[PDB]
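Structure data follow from upload-v8.cif (mmCIF, C-alpha atoms):
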```cif
data_coords
loop_
_atom_site.label_atom_id
_atom_site.label_comp_id
_atom_site.auth_asym_id
_atom_site.auth_seq_id
_atom_site.Cartn_x
_atom_site.Cartn_y
_atom_site.Cartn_z
CA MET Q 1 17.21 -0.71 51.70
CA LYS Q 2 17.36 -3.93 53.71
CA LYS Q 3 20.23 -6.39 53.70
CA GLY Q 4 19.78 -10.15 53.51
CA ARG Q 5 22.33 -12.99 53.11
CA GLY Q 6 24.17 -12.01 49.88
CA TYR Q 7 21.87 -9.24 48.88
CA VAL Q 8 20.60 -5.77 49.35
CA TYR Q 9 17.06 -4.84 48.44
CA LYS Q 10 14.07 -2.63 48.51
CA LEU Q 11 11.05 -4.04 46.77
CA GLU Q 12 7.54 -2.53 46.80
CA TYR Q 13 4.56 -3.71 44.84
CA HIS Q 14 1.22 -2.08 44.28
CA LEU Q 15 -1.37 -4.84 44.41
CA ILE Q 16 -4.94 -4.26 43.41
CA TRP Q 17 -8.02 -6.41 43.08
CA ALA Q 18 -11.77 -5.84 42.96
CA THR Q 19 -14.87 -7.31 44.52
CA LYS Q 20 -16.92 -9.60 42.29
CA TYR Q 21 -18.87 -7.57 39.71
CA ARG Q 22 -17.46 -4.54 41.51
CA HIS Q 23 -20.28 -4.87 44.12
CA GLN Q 24 -19.80 -1.91 46.47
CA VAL Q 25 -19.67 -3.89 49.75
CA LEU Q 26 -16.37 -2.69 51.28
CA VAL Q 27 -17.90 0.11 53.30
CA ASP Q 28 -17.92 1.28 56.89
CA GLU Q 29 -17.25 -1.56 59.38
CA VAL Q 30 -16.71 -3.98 56.53
CA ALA Q 31 -13.98 -1.80 55.05
CA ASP Q 32 -12.57 -1.35 58.60
CA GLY Q 33 -12.54 -5.10 59.19
CA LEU Q 34 -10.84 -5.78 55.88
CA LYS Q 35 -8.03 -3.34 56.71
CA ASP Q 36 -7.33 -5.14 59.91
CA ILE Q 37 -7.55 -8.52 58.18
CA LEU Q 38 -5.18 -7.44 55.40
CA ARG Q 39 -2.65 -5.96 57.87
CA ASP Q 40 -2.65 -9.31 59.70
CA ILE Q 41 -2.34 -11.39 56.56
CA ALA Q 42 0.54 -9.23 55.18
CA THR Q 43 2.44 -9.58 58.48
CA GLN Q 44 1.70 -13.31 58.65
CA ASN Q 45 3.26 -13.73 55.19
CA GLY Q 46 6.38 -11.79 55.99
CA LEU Q 47 5.29 -8.69 54.11
CA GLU Q 48 5.27 -5.06 55.16
CA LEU Q 49 1.96 -3.35 54.43
CA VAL Q 50 3.33 0.02 53.52
CA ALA Q 51 -0.01 1.55 52.61
CA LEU Q 52 -3.56 0.45 52.00
CA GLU Q 53 -6.67 1.95 50.54
CA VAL Q 54 -10.02 0.24 50.51
CA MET Q 55 -12.62 1.49 48.07
CA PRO Q 56 -16.16 0.17 48.06
CA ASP Q 57 -15.39 -2.22 45.17
CA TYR Q 58 -11.63 -2.59 45.36
CA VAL Q 59 -8.49 -2.71 47.39
CA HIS Q 60 -5.10 -1.17 46.75
CA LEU Q 61 -2.12 -2.39 48.80
CA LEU Q 62 1.44 -1.26 48.74
CA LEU Q 63 3.59 -4.18 49.92
CA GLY Q 64 7.28 -4.24 50.91
CA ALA Q 65 8.75 -7.66 50.14
CA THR Q 66 11.96 -9.66 49.97
CA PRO Q 67 13.49 -11.07 46.87
CA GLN Q 68 12.40 -14.55 47.88
CA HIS Q 69 8.71 -13.54 48.02
CA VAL Q 70 6.86 -14.85 44.95
CA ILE Q 71 4.09 -12.55 43.82
CA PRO Q 72 1.45 -15.17 42.86
CA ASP Q 73 1.92 -16.94 46.17
CA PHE Q 74 1.37 -13.93 48.27
CA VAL Q 75 -1.48 -12.70 46.06
CA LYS Q 76 -3.21 -16.00 46.57
CA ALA Q 77 -2.56 -15.76 50.32
CA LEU Q 78 -3.83 -12.21 50.56
CA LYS Q 79 -6.95 -12.76 48.41
CA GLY Q 80 -7.77 -16.23 49.73
CA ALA Q 81 -7.24 -15.63 53.41
CA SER Q 82 -8.95 -12.24 53.24
CA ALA Q 83 -12.02 -13.81 51.58
CA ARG Q 84 -12.17 -16.50 54.25
CA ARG Q 85 -11.79 -14.18 57.17
CA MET Q 86 -14.20 -11.63 55.76
CA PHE Q 87 -16.88 -14.23 55.20
CA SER Q 88 -16.39 -15.33 58.79
CA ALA Q 89 -16.52 -11.79 60.20
CA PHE Q 90 -19.31 -10.70 57.81
CA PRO Q 91 -21.52 -13.62 56.77
CA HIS Q 92 -23.79 -11.11 54.94
CA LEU Q 93 -21.12 -10.96 52.20
CA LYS Q 94 -22.05 -14.54 51.29
CA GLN Q 95 -24.42 -13.53 48.54
CA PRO Q 96 -24.58 -16.13 45.74
CA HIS Q 97 -26.53 -13.52 43.71
CA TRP Q 98 -23.23 -11.59 43.61
CA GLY Q 99 -21.02 -14.72 43.19
CA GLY Q 100 -20.31 -14.27 46.93
CA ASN Q 101 -18.47 -10.84 46.40
CA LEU Q 102 -15.07 -11.85 47.45
CA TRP Q 103 -13.29 -11.47 44.96
CA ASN Q 104 -12.94 -10.86 41.23
CA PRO Q 105 -10.47 -13.61 40.10
CA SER Q 106 -8.01 -11.10 38.65
CA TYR Q 107 -5.35 -8.93 40.25
CA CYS Q 108 -3.17 -6.12 39.13
CA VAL Q 109 0.42 -5.85 40.29
CA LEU Q 110 2.58 -2.87 39.57
CA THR Q 111 5.92 -1.53 40.54
CA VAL Q 112 6.00 2.23 41.28
CA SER Q 113 5.85 4.70 38.33
CA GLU Q 114 4.48 8.12 37.39
CA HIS Q 115 1.46 6.31 35.84
CA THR Q 116 0.35 4.24 38.86
CA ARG Q 117 -2.88 6.17 39.54
CA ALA Q 118 -3.95 5.93 35.92
CA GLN Q 119 -2.94 2.26 35.69
CA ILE Q 120 -5.13 1.44 38.63
CA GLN Q 121 -8.08 3.44 37.31
CA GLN Q 122 -7.72 1.70 33.91
CA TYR Q 123 -7.54 -1.70 35.52
CA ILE Q 124 -10.63 -1.18 37.75
CA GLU Q 125 -12.62 0.35 34.91
CA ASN Q 126 -11.85 -2.79 32.80
CA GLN Q 127 -13.51 -4.97 35.46
CA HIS Q 128 -17.20 -4.99 34.50
CA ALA Q 129 -19.76 -4.26 37.13
CA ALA Q 130 -22.83 -6.52 36.51
CA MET L 1 0.80 -2.84 31.53
CA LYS L 2 0.76 -6.41 30.23
CA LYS L 3 -2.08 -8.86 30.70
CA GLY L 4 -1.61 -12.51 31.59
CA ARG L 5 -4.05 -15.27 32.60
CA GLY L 6 -5.95 -13.79 35.60
CA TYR L 7 -3.71 -10.79 36.01
CA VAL L 8 -2.47 -7.47 34.85
CA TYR L 9 1.03 -6.30 35.57
CA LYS L 10 3.97 -4.07 35.03
CA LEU L 11 7.03 -5.04 36.99
CA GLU L 12 10.47 -3.50 36.67
CA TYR L 13 13.48 -4.21 38.79
CA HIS L 14 16.79 -2.41 38.99
CA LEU L 15 19.47 -5.10 39.43
CA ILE L 16 23.01 -4.25 40.32
CA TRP L 17 26.16 -6.25 41.02
CA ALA L 18 29.90 -5.59 41.02
CA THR L 19 33.05 -7.28 39.84
CA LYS L 20 35.10 -9.03 42.45
CA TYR L 21 36.99 -6.45 44.55
CA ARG L 22 35.52 -3.87 42.22
CA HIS L 23 38.34 -4.71 39.73
CA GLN L 24 37.81 -2.25 36.86
CA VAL L 25 37.73 -4.83 34.02
CA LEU L 26 34.42 -4.03 32.27
CA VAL L 27 35.92 -1.68 29.73
CA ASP L 28 35.94 -1.19 25.99
CA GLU L 29 35.30 -4.49 24.11
CA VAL L 30 34.81 -6.32 27.38
CA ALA L 31 32.02 -3.97 28.41
CA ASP L 32 30.62 -4.21 24.88
CA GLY L 33 30.64 -8.01 24.97
CA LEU L 34 29.00 -8.09 28.37
CA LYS L 35 26.11 -5.93 27.12
CA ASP L 36 25.48 -8.37 24.30
CA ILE L 37 25.73 -11.33 26.67
CA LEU L 38 23.36 -9.77 29.20
CA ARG L 39 20.79 -8.83 26.50
CA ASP L 40 20.86 -12.46 25.36
CA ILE L 41 20.55 -13.91 28.82
CA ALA L 42 17.67 -11.56 29.77
CA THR L 43 15.80 -12.62 26.60
CA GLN L 44 16.56 -16.31 27.18
CA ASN L 45 15.04 -16.05 30.68
CA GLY L 46 11.90 -14.37 29.49
CA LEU L 47 12.91 -10.93 30.78
CA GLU L 48 12.81 -7.57 28.99
CA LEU L 49 16.11 -5.71 29.35
CA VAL L 50 14.66 -2.22 29.56
CA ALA L 51 17.99 -0.51 30.13
CA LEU L 52 21.56 -1.37 30.94
CA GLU L 53 24.64 0.44 32.07
CA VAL L 54 28.02 -1.20 32.46
CA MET L 55 30.56 0.63 34.59
CA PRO L 56 34.15 -0.55 34.85
CA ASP L 57 33.40 -2.35 38.15
CA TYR L 58 29.66 -2.89 38.05
CA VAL L 59 26.53 -3.44 36.10
CA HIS L 60 23.12 -1.92 36.45
CA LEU L 61 20.16 -3.51 34.68
CA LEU L 62 16.59 -2.47 34.50
CA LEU L 63 14.52 -5.64 33.91
CA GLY L 64 10.82 -6.01 32.98
CA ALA L 65 9.38 -9.20 34.44
CA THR L 66 6.22 -11.26 34.99
CA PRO L 67 4.71 -12.04 38.35
CA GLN L 68 5.92 -15.62 38.03
CA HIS L 69 9.56 -14.58 37.65
CA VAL L 70 11.44 -15.24 40.89
CA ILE L 71 14.14 -12.65 41.55
CA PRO L 72 16.86 -14.99 43.03
CA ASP L 73 16.41 -17.39 40.14
CA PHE L 74 16.90 -14.81 37.49
CA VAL L 75 19.74 -13.12 39.39
CA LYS L 76 21.54 -16.43 39.54
CA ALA L 77 20.88 -16.97 35.83
CA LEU L 78 22.11 -13.52 34.85
CA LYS L 79 25.22 -13.54 37.07
CA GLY L 80 26.09 -17.18 36.48
CA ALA L 81 25.59 -17.34 32.76
CA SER L 82 27.22 -13.93 32.26
CA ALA L 83 30.33 -15.06 34.16
CA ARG L 84 30.55 -18.26 32.12
CA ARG L 85 30.09 -16.56 28.81
CA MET L 86 32.44 -13.72 29.64
CA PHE L 87 35.19 -16.13 30.72
CA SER L 88 34.68 -17.87 27.41
CA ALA L 89 34.74 -14.66 25.37
CA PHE L 90 37.54 -13.07 27.47
CA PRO L 91 39.83 -15.67 29.03
CA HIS L 92 42.05 -12.84 30.34
CA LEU L 93 39.33 -12.23 32.96
CA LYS L 94 40.38 -15.53 34.57
CA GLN L 95 42.66 -13.94 37.07
CA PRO L 96 42.87 -15.92 40.37
CA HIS L 97 44.80 -12.94 41.83
CA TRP L 98 41.43 -11.10 41.54
CA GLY L 99 39.34 -14.18 42.53
CA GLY L 100 38.61 -14.44 38.78
CA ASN L 101 36.67 -11.03 38.66
CA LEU L 102 33.27 -12.27 37.83
CA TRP L 103 31.55 -11.45 40.19
CA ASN L 104 31.13 -10.15 43.73
CA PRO L 105 28.70 -12.66 45.42
CA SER L 106 26.21 -9.95 46.36
CA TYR L 107 23.53 -8.24 44.32
CA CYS L 108 21.27 -5.30 44.85
CA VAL L 109 17.64 -5.31 43.67
CA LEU L 110 15.42 -2.30 43.81
CA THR L 111 12.03 -1.24 42.60
CA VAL L 112 11.87 2.29 41.17
CA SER L 113 12.02 5.25 43.54
CA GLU L 114 13.29 8.84 43.74
CA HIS L 115 16.43 7.53 45.53
CA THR L 116 17.53 4.82 43.11
CA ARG L 117 20.66 6.70 42.16
CA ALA L 118 21.81 7.22 45.75
CA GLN L 119 20.88 3.63 46.64
CA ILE L 120 23.03 2.25 43.86
CA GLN L 121 25.91 4.55 44.84
CA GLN L 122 25.64 3.45 48.54
CA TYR L 123 25.53 -0.18 47.53
CA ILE L 124 28.61 0.01 45.26
CA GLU L 125 30.61 2.11 47.68
CA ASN L 126 29.85 -0.55 50.35
CA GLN L 127 31.61 -3.19 48.23
CA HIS L 128 35.29 -2.73 49.17
CA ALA L 129 37.90 -2.54 46.45
CA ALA L 130 41.21 -4.49 46.71
#
```
Write-out of the structure in structure tokens:
Amino acid sequence: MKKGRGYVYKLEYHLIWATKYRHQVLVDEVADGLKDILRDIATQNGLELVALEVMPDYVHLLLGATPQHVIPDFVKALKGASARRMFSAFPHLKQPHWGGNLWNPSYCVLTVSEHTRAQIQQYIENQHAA
Amino acid sequence: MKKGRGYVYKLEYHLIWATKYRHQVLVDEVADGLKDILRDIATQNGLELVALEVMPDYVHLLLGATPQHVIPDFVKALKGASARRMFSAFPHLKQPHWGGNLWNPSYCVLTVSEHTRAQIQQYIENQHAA
């Protein structure tokens, strides 16, 4: 637990989103680049990137935050800045055929539970892969 | 999980705060009234009161929220409106000797973990009782 001015807290969010059409582009050096980019962005927004997993068609972050952090703001920051920086580092991801890959417009945000793994699998499976 | 416009989520927060000086006033009909008041306020702020416990000197809520809910805002709503309504229902709680009881300025907010119970105990024990 961390202490702020008038409060004590420990706040972690699982945050998940997919590539467009679940195109399997987050591989090898691209996946490696995205990890670095996400670590930077988290830090730059005053978040702790507790854990991260990058699958070929999705990302799963575990973020430590403060009460004052607003989920939609930092989701937008993470998704938007990551898309920008990835397109700069990897121009090949600019593929209008695939809506430009980065990213499916949706996100999934979950606090910790015994069902997290299943929740994430459900969520990703509900994103259709055309 | 619930589904909103562009997102999927399940967000629960443990929210804890004490009476002033840990005065043990939240008992019997007072505790009962506070539960009703808190249920109402949670609902009125678009929160799901998943669970509640009222101890003589503190309250512990488990709150289901949306991404757009901002923790400090709803904390202030819950603490502020609860104090006002409890003073109205129970004027005897207006006790300047005890700074008026409702409430200690601090709060504790936690996402679920294996240590929640110990965290809440630490937090309450760190509020010092007159």
Find the residues in chain Q near chain L: any atom within 8 Å counts, using only C-alpha atoms. Write them as an NGL selection string.
:Q and (1 or 6-12 or 67-72 or 105-113 or 119 or 123)
Distance of atom CA of residue 103 of chain L from atom CA of residue 21 of chain L, expressed in Å to one decimal place:
8.6 Å
Could you state which residues are captured by the PyMOL selection byres ((chain Q and resi 40-42) around 12) in this file, as a VMD selection string?
chain Q and resid 15 33 to 39 43 to 52 61 to 65 69 73 to 86
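Atom to atom, atom CA of residue 91 of chain Q and atom CA of residue 130 of chain Q stand 21.5 Å apart.
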For a test of reading the model, state the distance in Å between atom CA of residue 128 of chain Q and atom CA of residue 115 of chain Q, rounded to one decimal.
21.9 Å
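By chain and then residue number, the residues within 7 Å of residue 22 of chain L are residues 18, 19, 20, 24, 57 and 129 of chain L, counting all atoms listed in the file and disregarding those fewer than 2 positions away in sequence.
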Sorted per-residue table, segment 85-126 of chain Q near segment 26-29 of chain Q, closest atoms and distance, 12 Å, only C-alpha atoms, as CSV:
```
residue,atom,partner,partner_atom,distance
Q:86,CA,Q:26,CA,10.2
Q:89,CA,Q:29,CA,10.3
Q:90,CA,Q:29,CA,9.5
Q:92,CA,Q:26,CA,11.8
Q:93,CA,Q:26,CA,9.6
Q:101,CA,Q:26,CA,9.7
Q:102,CA,Q:26,CA,10.0
Q:103,CA,Q:26,CA,11.2
```
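Using all atoms listed in the file for every distance, the candidate list Q:95, Q:88, Q:53, Q:58 yields Q:58 as the residue closest to residue 127 of chain Q.
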Output as JSON the centre and edge lengths (Å, one decimal) of the box along x, y and z of the file that holds every listed atom of segment 6-23 of chain L after adding 6 Å on each side.
```
{"center_x": 16.2, "center_y": -8.1, "center_z": 39.7, "size_x": 56.3, "size_y": 23.4, "size_z": 21.7}
```
